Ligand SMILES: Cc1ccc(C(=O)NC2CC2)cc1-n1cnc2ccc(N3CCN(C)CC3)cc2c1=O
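This document starts with one chain, in the form solved without this ligand, laid out as structure tokens.
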């Protein structure tokens, strides 16, 4: 066991191993708060997240377990992974707090085109990394569901990692089927998000900046066009088909004037209403737009992820015990 020290942060006592220094609050959420810190043991800037009352209820407890399981699973250059997880508790009986440590890359894509659009060469590099990481996540049978610029961290060398779990420092990037509570989501919900992000990097402007939910959907329909006959067959409701026909084309092509035609071709393949017809991450990696970076020998897939817990309805004490097990078994990365 490491030596811990105590300090008041974000309105509670944080108790952390001595290696983590210079904690500074950077965020809080309903479920946790984050400090930036410096890990004197590895020389890395890190984010330390202290969960807030991780076992307050069955739902909190399951969320805590899910977050830790997902972070422990992720071992890929373009996906955030778990550098450390700890608790000052010395037994399951004392176990009440959980702290998660991840890389702090130092910036994200959220600010990035406020001032000007990116070059085509730089968009190739960033989107390539997003898709390389998404191929990995998808191969584990995991769907991100909330890809957006603030969930894409980059360092000074513009190496990129996909984030989640409130490490991000809007519905503009959400697949329309998620907004329409469709359920039965495909992984290509995330490909829609990548298309929205890529479009914005190339043009310097949000692709679908809706003011509210229905506005978001109206903007999408204006740009990609009304559902064709094949997609209309997959929508049960006659009234819904009538209603979309009433809101429903602005040129997709006119949005991307001056762009690399290979970029536009890829955007057209990502931003397809019918999720069954969107390009996959793996397919996208092979598209000619990425010829400078694609290497099939180094676009690795994930170990399969045991998601049995997702469908379980367990008691708090069981979720808490399962979480404690995962804390104790953690082995830090190379």
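Positions refer to the first chain, counted from 1.
A second form of this protein, the form solved in complex with this ligand, is not displayed here; the remarks below concern that form.
The pocket of the unliganded chain is judged blocked, since this ligand, transferred from its pose in the deposited complex by superposition of the C-alphas around the site, places three or more atoms within 2.4 angstroms of backbone or C-beta atoms. This chain is displayed alone, yet in the deposited complex one of 130, 191, 202, 71 has a heavy atom within 4.5 Å of this ligand; that residue is 71. Per the 4.5 Å heavy atom criterion, this ligand in the deposited complex is contacted by stretch 26-34, the sole one of 283-291, 261-269, 296-304, 26-34. Contact with this ligand in the deposited complex holds for none of 9, 15 and 95, as no heavy atom of theirs lies within 4.5 Å.
Within this chain, residue 47 lines the site of this ligand in the deposited complex, having a heavy atom no more than 4.5 Å away. Contact check for residue 165: a heavy atom falls within 4.5 Å of this ligand in the deposited complex. When contacts are judged by a 4.5 Å heavy atom cut-off, residue 197 does not count as touching this ligand in the deposited complex. None of the heavy atoms of residue 135 is located within 4.5 Å of this ligand in the deposited complex. Within 4.5 angstroms of this ligand in the deposited complex, the stretch 243-271 places no non-hydrogen atom at all.
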